[PDB]
There are 2 protein chains.
Amino acid sequence: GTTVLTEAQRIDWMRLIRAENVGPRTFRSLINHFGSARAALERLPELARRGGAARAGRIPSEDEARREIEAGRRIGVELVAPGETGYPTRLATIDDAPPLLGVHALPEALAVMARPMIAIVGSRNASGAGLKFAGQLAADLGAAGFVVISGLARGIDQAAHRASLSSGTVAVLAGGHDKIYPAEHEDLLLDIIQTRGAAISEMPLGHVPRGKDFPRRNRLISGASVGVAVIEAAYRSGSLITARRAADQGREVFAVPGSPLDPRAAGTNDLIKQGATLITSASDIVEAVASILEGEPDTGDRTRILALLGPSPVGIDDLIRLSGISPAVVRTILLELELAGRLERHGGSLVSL
Amino acid sequence: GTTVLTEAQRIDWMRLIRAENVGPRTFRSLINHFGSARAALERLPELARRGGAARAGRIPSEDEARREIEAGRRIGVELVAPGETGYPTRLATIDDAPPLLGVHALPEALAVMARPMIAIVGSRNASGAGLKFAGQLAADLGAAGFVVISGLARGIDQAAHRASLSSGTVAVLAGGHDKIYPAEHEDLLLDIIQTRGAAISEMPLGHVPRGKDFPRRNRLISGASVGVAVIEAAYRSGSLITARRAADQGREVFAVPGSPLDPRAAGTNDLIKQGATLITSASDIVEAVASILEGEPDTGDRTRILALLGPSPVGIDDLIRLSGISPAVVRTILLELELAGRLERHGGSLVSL
């Protein structure tokens, strides 16, 4: 597999993301500014004080971070960073990407995370017809080669996971890998792993999912995908949160239509009114995403690297962390740019356009 | 009311449109080229011969044309041209506008034709829910001030006419004013007239509607409207013909969504996929058309007149015939253009930009 951080670096990444007042956006900026997690961690106390806080912010020790990384390994969870095997590329490109993603899959099956994914979400209280449609859609997308990503929820999510087991499905957990919600889906999650899929989470081990953790996780469902399909949704359905994240991130949103009188079609019909793509079958999605979805650059890779470059020098490390693109592919792109004459190479692995 | 043709001119218009090989597009070009129907009628025999036809094309006499105009008056039908009271303005702007439109309304009620219209069309074999929706939609649009135009068909059309009687509805007939199809809708048509609406037709008196007359009439339903709403439509529904005409003419098309499993939602769902506006209520239409829908020019009038002008001189007659805009309003627009310095006035009422 591809590895981008030393064991010492992964420990420092764990210490930093778990630090008080450090979220995914803070982490990004800290690395952008100080060049490494090690360097960021040193400034953490003085930054807080100079910022005007009363007291020191909590910062996990080296030992606490190491224990958490080992505790995860003991139950089959690998903690991966952008650019590494197991970290889905599209996810690295969101504004608040998780610096470390805990991925639980069979030992040789981590590559499921490199495949193109479609999110299928919708009502927890779903109609019989919605469940049926969600299941057929997931089976059809899987047969076309997509991984189905969803949130292990009651209703639409589980129908989509259940029908995509054999082609590969990913579940995004709202809490720790060892604290599954809903409890009735523990069996399903194990079947997902056993059929060469994966569970992913950014939360600490032992973290019991709380009400507020569910919306937060939705950005990862949309973030890893090349498209989000909403099957059914009344007003106030949590699945419409996934749709809203998808739109913020620039992912295409697909919605299944229904009758104006159908309460479970109110949210999906409204998505369409607001610009989501109306779908009646998997082919509508496949045709839409065909457009986009080894050191060889994939569709979009060159464009995404160019976009992260500018008149101010950046590290190849930074480009990998910010784009999720494998090290080999980023190197190929920078090489293409340089000897087309469009790249300036500076001291210590730093590059400009 | 507004009158644009003398009785002698209307007779010549009747002779010409009823002439062998002269359709609405031919009529337009003949007037564009020869300046009047009288002048066109003289060339008709020599044009046909020089065109390479074997024999003379049939041309109605003055007496036959006059008899048809009088026969229509005897049952309450007025034959109107673009620019006149009773001729709906938007209809005059289609490529194949009827030169004379037979309009049947109460004596003082011809002004219903100047009001903004929304077409409501759909399945002849409609669901209970579709009929209900069509009825509520027509009543709501009518209460907002629109006239509902439709084709007197079984299913969706009649539900829309029935619910819009009191605010005003227009029926487009596939045949003569005295040959109603379906026969079961004779009573309904009379109720439309009695409640200050209208029936319109471009067909001769005594013309029994044939299979092929139905599609031809659909362009008038869409043509007179500022928008066409399709309520339900399976594949091959005749209502999708109205939608296709609407799109060719540049009218906005609205479609009511349904479940992917609903056979009556296949055509409407597909319209949406192809760019029609998804609606779940009258407000979606009202908001969409707000944008657009006395010598005072209305929204769009100035733009439409300017578009018909060019470096080559045209008559004010031509502009009225081609735009459907009242004589007084066209004169106001040309006056605005001229003394803004943008108009050239030539000999014999001819103008250029």
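No lab work stands behind these numbers, since they all come straight from the coordinates. Backbone-built Cβ (ideal geometry, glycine too); neighbour counts: all protein chains shown.
Observations
- Debye intensity ratio in log₁₀ form over the Cα atoms of the protein assembly as shown, taken at each q of 0.06, 0.08, 0.09 Å⁻¹: -0.53, -0.77, -0.86
- Sorting the segments B:286-292, A:326-332, B:143-149 by their residues' average number of neighbouring beta-carbon atoms within 10 angstrom, most packed first, yields B:143-149, A:326-332, B:286-292.
- Converting phi to 3J(HN,Hα) with the Karplus coefficients 6.51, -1.76 and 1.60 and the offset θ = phi - 60°, segment B:6-11 yields 5, 5, 4, 5, 4, 4 Hz in sequence order, with x at every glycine or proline.
- GluC sites (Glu not before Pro) lying in DSSP loop within segment A:43-152, provided at most 14 other Cβ fall within 10 Å: A:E108
- Candidates per trypsin sites (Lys or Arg not before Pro) in segment B:18-113, loop by DSSP, up to 14 other Cβ within 10 Å: B:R55, B:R58, B:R74
- Taking amide H as placed 1.01 Å from N in the peptide plane, A:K179 has its amide H under 5 Å from the amide H of A:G206, each at least 5 places away in sequence or on another chain.
- Chain B - Rg over Rh from alpha carbon coordinates, Kirkwood radius: 0.98
- Chain A residue nearest the rotation axis toward B, with distance: A:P257, 2 (Cβ to axis, whole Å).
- Interchain or long-range residues, amide H under 5 Å from B:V172's placed H: B:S150, B:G151, B:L152, B:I200
- For chain A, DSSP calls about 40 percent of its internal beta bridges antiparallel.
- A:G51 label point (Cα plus 7 Å toward Cβ) to equivalent points in the other copies: 8.4 nm, shortest first.
- Inter-part distance where segment A:67-101 and segment A:1-25 are each reduced to a Cα centre, Å: 9 Å
- Our analysis of segment A:294-353 gives Rg over Rh at 0.91, with the two radii drawn from alpha carbon positions and Rh computed by the Kirkwood formula.
- Check: chain B dipole with +1 on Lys, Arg Cβ and -1 on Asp, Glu Cβ, in debye: 1020 debye
- Magnitude of the charge dipole, the protein assembly as shown, Cβ model with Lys/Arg +1 and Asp/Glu -1, debye to 20: 60 debye
- Within the same chain, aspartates and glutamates fewer than 8 places from B:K132 are excluded, and of the rest, those with a Cα less than 18 Å from its Cα are A:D262, B:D140, B:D157, B:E232, B:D262, B:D284.
- Test item: Cα-centred dipole of segment A:294-353, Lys/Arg +1 and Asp/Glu -1 on Cβ, debye: 160 debye
- Using a 7 Å projection from Cα along Cα-to-Cβ, the label point at B:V208 is separated from the same position in the remaining copies by 8.2 nm, smallest value first.
- Between the alpha-carbon centres of segment B:294-351 and segment B:118-161 there is a gap of 37 Å.
- Anchor B:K273: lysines whose Cα lies under 18 Å away (excluding residues fewer than 8 positions away in-chain): A:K273
- With label points set 7 Å from Cα along Cα→Cβ, the inter-copy distances at A:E184 are 4.7 nm, sorted shortest first.
- Filtered trypsin sites (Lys or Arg not before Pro), segment B:127-212: DSSP coil and at most 12 other beta carbons within 10 Å: B:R210, B:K212
- The convex hull around the C-alpha trace of segment A:11-111, projected and averaged over every direction, spans 6.8 square nanometres.
- For segment B:79-94, the Karplus equation 6.51 cos²θ - 1.76 cosθ + 1.60, evaluated at θ = phi - 60°, returns couplings of 9, 10, 10, x, x, 8, 4, x, 9, x, 3, 5, 5, 4, 8, 6 Hz by residue, with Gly and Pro reported as x.
- Inter-chain shielding of B:278-289 (mean C-beta neighbours from other protein chains, 10 Å cut-off): 2
- Here the spin labels are modelled as points 7 Å beyond Cα on the Cα-Cβ line, and at A:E336 and A:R38 they lie 3.3 nm apart.
- Listed by chain and number, the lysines whose C-alpha is less than 18 Å from the C-alpha of B:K212, apart from same-chain residues fewer than 8 away, are B:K179.
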